[PDB]
Amino acid sequence: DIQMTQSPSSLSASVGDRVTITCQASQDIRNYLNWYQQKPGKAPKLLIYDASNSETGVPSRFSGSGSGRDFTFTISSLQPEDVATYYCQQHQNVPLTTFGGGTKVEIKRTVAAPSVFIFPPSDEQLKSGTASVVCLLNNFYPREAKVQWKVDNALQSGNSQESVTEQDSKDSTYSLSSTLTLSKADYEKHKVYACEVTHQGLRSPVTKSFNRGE
Amino acid sequence: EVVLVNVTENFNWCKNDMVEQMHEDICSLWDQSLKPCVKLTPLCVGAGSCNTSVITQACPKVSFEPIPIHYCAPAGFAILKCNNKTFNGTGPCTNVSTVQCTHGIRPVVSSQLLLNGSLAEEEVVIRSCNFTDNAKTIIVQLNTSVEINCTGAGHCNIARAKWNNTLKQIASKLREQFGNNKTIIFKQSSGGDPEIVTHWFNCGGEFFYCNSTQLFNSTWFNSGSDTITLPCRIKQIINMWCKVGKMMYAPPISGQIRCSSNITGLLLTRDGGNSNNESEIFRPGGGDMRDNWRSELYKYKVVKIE
Amino acid sequence: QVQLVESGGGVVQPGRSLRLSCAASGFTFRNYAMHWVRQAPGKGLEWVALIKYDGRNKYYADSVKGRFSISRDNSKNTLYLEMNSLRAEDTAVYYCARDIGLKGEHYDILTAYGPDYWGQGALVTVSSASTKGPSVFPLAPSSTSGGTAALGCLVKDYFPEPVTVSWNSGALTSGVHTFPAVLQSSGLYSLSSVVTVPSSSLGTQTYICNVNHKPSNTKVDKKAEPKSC
Ligand SMILES: *[C@@H]1O[C@H](CO)[C@@H](O)[C@H](O)[C@H]1NC(C)=O
Ligand SMILES: *[C@@H]1O[C@H](CO)[C@@H](O)[C@H](O)[C@H]1NC(C)=O
Ligand SMILES: *[C@@H]1O[C@H](CO)[C@@H](O)[C@H](O)[C@H]1NC(C)=O
Ligand SMILES: *[C@@H]1O[C@H](CO)[C@@H](O)[C@H](O)[C@H]1NC(C)=O
Ligand SMILES: *[C@@H]1O[C@H](CO)[C@@H](O)[C@H](O)[C@H]1NC(C)=O
Ligand SMILES: *[C@@H]1O[C@H](CO)[C@@H](O)[C@H](O)[C@H]1NC(C)=O
Ligand SMILES: *[C@@H]1O[C@H](CO)[C@@H](O)[C@H](O)[C@H]1NC(C)=O
Ligand SMILES: *[C@@H]1O[C@H](CO)[C@@H](O)[C@H](O)[C@H]1NC(C)=O
Ligand SMILES: *[C@@H]1O[C@H](CO)[C@@H](O)[C@H](O)[C@H]1NC(C)=O
Ligand SMILES: *[C@@H]1O[C@H](CO)[C@@H](O)[C@H](O)[C@H]1NC(C)=O
Ligand SMILES: *[C@@H]1O[C@H](CO)[C@@H](O)[C@H](O)[C@H]1NC(C)=O
Ligand SMILES: *[C@@H]1O[C@H](CO)[C@@H](O)[C@H](O)[C@H]1NC(C)=O
Ligand SMILES: *[C@@H]1O[C@H](CO)[C@@H](O)[C@H](O)[C@H]1NC(C)=O
Ligand SMILES: *[C@@H]1O[C@H](CO)[C@@H](O)[C@H](O)[C@H]1NC(C)=O
Ligand SMILES: *[C@@H]1O[C@H](CO)[C@@H](O)[C@H](O)[C@H]1NC(C)=O
Ligand SMILES: *[C@@H]1O[C@H](CO)[C@@H](O)[C@H](O)[C@H]1NC(C)=O
């Protein structure tokens, strides 16, 4: 039973850089080795079969070399759309095995400030006894960011859940969604709802807000 | 045996249960054969007068030849045999016989090319369950066999001249079925498993996978070396060995059975898209062994005796 | 156009069974071997099963060995996978994938040559929980403020994954951000979909919010409009 190792586990590079992933097999596999690319959400696409052969329709910037136990995948000029997780896979004999998790490739770009937006609960939702206050942080970099909720100047905790997108394929930025959820009863108690965010492109923490009764 | 004079019967090779029964139950068999010869050698000696000859027995190599298998109709039944030497398998046979058994069949697992089979007695015959359905295999039956020499060294040999004359004939019978004015084009398989992409066929317990692209790559009716050598990989495949109940029948070893043979027919598939380029594309078919059986069993059907 | 389409995904409780299929077209199905590969939440690609062109030789991974079964119907161009005695570990996206042919670049006979085309996948969620449909609340526009505005939809309280969000029936694409779903304490999921548009295109541009949760037959089309009175 063959084991595959890739390296690095993950890496950051700049647009135009040369990225070089290496694969290694626990035993001789001649050149029976494929490379796959999976973008977030989508299904894997084939890029290179049997070590060095380029699949049809695959950009010229993708190549592969190696044989035996040692292999290399290369993107000559890294593009924004190349952000994905790359898996190597042997077919010397079944079970077809890969490296768990593969290799995540991320872009490093200039710092970007988030454009912040706040949303109050919809009258529709308040009817059913629950208020979802949502904060949006649009197109920023790097990923790291602090979102902080305040009701009547009171910082909140445990009533918040956030979700972050993967790196955009066009502009290499991230976006974040934070949702504060309260029972309609607790939403009715307080007036001023705020969302303070701390990034790196911000001169100082930014605060978007509103109050019940437009 | 008995010729049913003045009888006209209706066959349908595509709805023939003999084909399914054979495909299910028939396994290849081999027996030891002897092909003895004698050598005659003048005993000249000094100094030029040879009034003696030595007679020697030779050719003592024993190989295994395939044993012919016959399908025999059960008690109370019989086999109707079409004697029309150009039957297309479907419709009326104006000339019919009654036999107890089929002709001898030497089963061979293969795709693309049919080997050691029966030849058309008159002209080259092409058949299909539905020529309009480009997904039905087209079975070709040659009237003269093309020899193919195959060695365990992993290659097969076909005389280019013989092959080119076979392609011209096949492509003349296709122009006759798809348009008396259409360019006939042969190309390689479009992909798939090894068994399907290559001229795959057995020789005892071993299976040859032969690169067949040199055979199917030419254009006809559109106004090199003397031997074609096909590169071959050879694998054992135990899961294809005849398994009858408890027992498994292990075929003779590599050096025991000759791997050369006679090509008597092809399997093809015609392309779709209906591009009225007035030119059809054909590729090496196979994978469905029932097609192979139909190429020998087309002129038979079982019927009750009354 | 090589196309593969999985069907039959959804919820199924521990111990029970489920059978996925895959509709193939664009190539001669009966010539190609086929693969099943699965990917657990946020993990790696794990090869599950392989069936050869003639549906005879079948190969399984040890993990699903004895519980899973692979087969095909070359007459209907579909590939099947039936899974029995499902555990929590079996929860994953299942991809059908067409094995590469014997390409001219190969020079040996192998059991497989690795996949080339993949289906979009079908999610299988092993759980006792019941299937619940989403509720689609709006996210309205607001009074850098005279340059670009932001609106969207909130798909809340559903199970199991996954939901399809699109805009104007698929027309509006640039600027859209559908977020990964969050698992609430309630056991139900939630997500948001947002799109940025110039603060001068509103009132003249209809923003449909095509939400789709197949597992509960919920299809919803909401409208995002600025608040007033
Ligand atoms: C059978 O048919 C032929 C031709 O019609 C006829 O001449 C003959 O008399 C018929 N039967 C026989 C063999 O006597
Ligand atoms: C046998 O050999 C002798 C001497 O070489 C010769 O004279 C004689 O003709 C030969 N006999 C025959 C069978 O011709
Ligand atoms: C009918 O078949 C028999 C096969 O023995 C053949 O002798 C005969 O020529 C055929 N019919 C004709 C044309 O007489
Ligand atoms: C044999 O059958 C074919 C059709 O399958 C027909 O065209 C031909 O005339 C027949 N020959 C005879 C009657 O001997
Ligand atoms: C086969 O031959 C018969 C005559 O024997 C003819 O009537 C029929 O059209 C042919 N059928 C096929 C399969 O093309
Ligand atoms: C074989 O059939 C072809 C027509 O397909 C014909 O030209 C040729 O003369 C035949 N040869 C023999 C040996 O009967
Ligand atoms: C033969 O194939 C054609 C093309 O698919 C189809 O239209 C027709 O129904 C078929 N005919 C028969 C006899 O099945
Ligand atoms: C195949 O072998 C036979 C002798 O066994 C020979 O006559 C023939 O030429 C060979 N075929 C070719 C074209 O190599
Ligand atoms: C027959 O074969 C030769 C090569 O051996 C080829 O060049 C030629 O085109 C073919 N001739 C015919 C019958 O058209
Ligand atoms: C008719 O046949 C000739 C070959 O003899 C072929 O080259 C030509 O294209 C055909 N004419 C058309 C297009 O109808
Ligand atoms: C196919 O035919 C062409 C000529 O049309 C020839 O140049 C080429 O070598 C052939 N391909 C092979 C033999 O692989
Ligand atoms: C002959 O074949 C070529 C391509 O192989 C094609 O471009 C041309 O149109 C064909 N001519 C005829 C006879 O139709
Ligand atoms: C074909 O026939 C010959 C004898 O008729 C036999 O020796 C040889 O093994 C056969 N070839 C195959 C591939 O079975
Ligand atoms: C092929 O057929 C010929 C007779 O035409 C026969 O002599 C020869 O043995 C066969 N070839 C092989 C190698 O089986
Ligand atoms: C093939 O046929 C089409 C018409 O159906 C024609 O328009 C096209 O030019 C042809 N392609 C060639 C020249 O090979
Ligand atoms: C077989 O050989 C031909 C000619 O050398 C080559 O073009 C092709 O890549 C090979 N085909 C396969 C399926 O390996």
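Protein chains get the first letters and strands the later ones, always in sequence-line order, with residue 1 at the start of each.
- Atoms CZ and CE, from C/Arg56 and B/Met240 in turn, are 6.5 Å apart once rounded to the nearest 0.5 Å.
- Heavy-atom distances place no part of C/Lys103 under 4.5 Å from chain B, backbone and side chain included.
- Between B/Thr198 and C/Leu102, the shortest heavy-atom distance links the atoms CG2-CD2, 3.5 Å.
- Of all residues in residues 266-291 of chain B, those placing a non-hydrogen atom less than 4.5 angstrom from a non-hydrogen atom of chain C are B/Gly287, B/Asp288.
- Annotation for C/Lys132: atom NZ counts as buried by contact number, over 12 foreign heavy atoms lying within 6.0 Å.
- Neither the backbone nor the side chain of B/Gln188 comes within contact range of chain C, judged by heavy atoms closer than 4.5 Å.
- Within 6.0 Å of atom CD in B/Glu24, 12 or fewer heavy atoms from other residues, nucleotides or ligands are found, so the atom counts as exposed in its surroundings.
- More than 12 heavy atoms of other residues, nucleotides or ligands shown are found within 6.0 angstrom of NZ on B/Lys235.
- The number of heavy atoms from other shown groups lying within 6.0 Å of CE (B/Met247) does not exceed 12.
- The environment of NZ in B/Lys243 is crowded: more than 12 heavy-atom neighbours from other residues, nucleotides or ligands sit within 6.0 Å.
- Smallest separation of non-hydrogen atoms from B/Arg233 and C/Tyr107: NH1-O, 3.0 Å.
- Smallest separation of non-hydrogen atoms from B/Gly191 and C/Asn31: O-CB, 4.0 Å.
- Within 6.0 Å of NZ in C/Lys43 there are 12 or fewer heavy atoms belonging to other residues, nucleotides or ligands.
- Within 6.0 Å of NZ in B/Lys173 there are more than 12 heavy atoms belonging to other residues, nucleotides or ligands.
- Residue contact with chain B, scored on non-hydrogen atoms closer than 4.5 Å, involves the side chain of C/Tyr113 exclusively.
- Here the straight-line distance linking atom CH2 of B/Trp200 with atom CD1 of C/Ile109 works out to 11.0 Å at 0.5 Å rounding.
- Remark: C/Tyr117 OH is loosely packed, at most 12 non-hydrogen atoms of other residues, nucleotides or ligands lying under 6.0 Å away.
- With respect to the salt-bridge test (charged N to carboxylate O, under 4.0 angstrom), the residues C/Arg30 and B/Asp193 do not qualify.
- Contact of C/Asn57 with chain B is made through the side chain alone, with heavy-atom distances under 4.5 Å.
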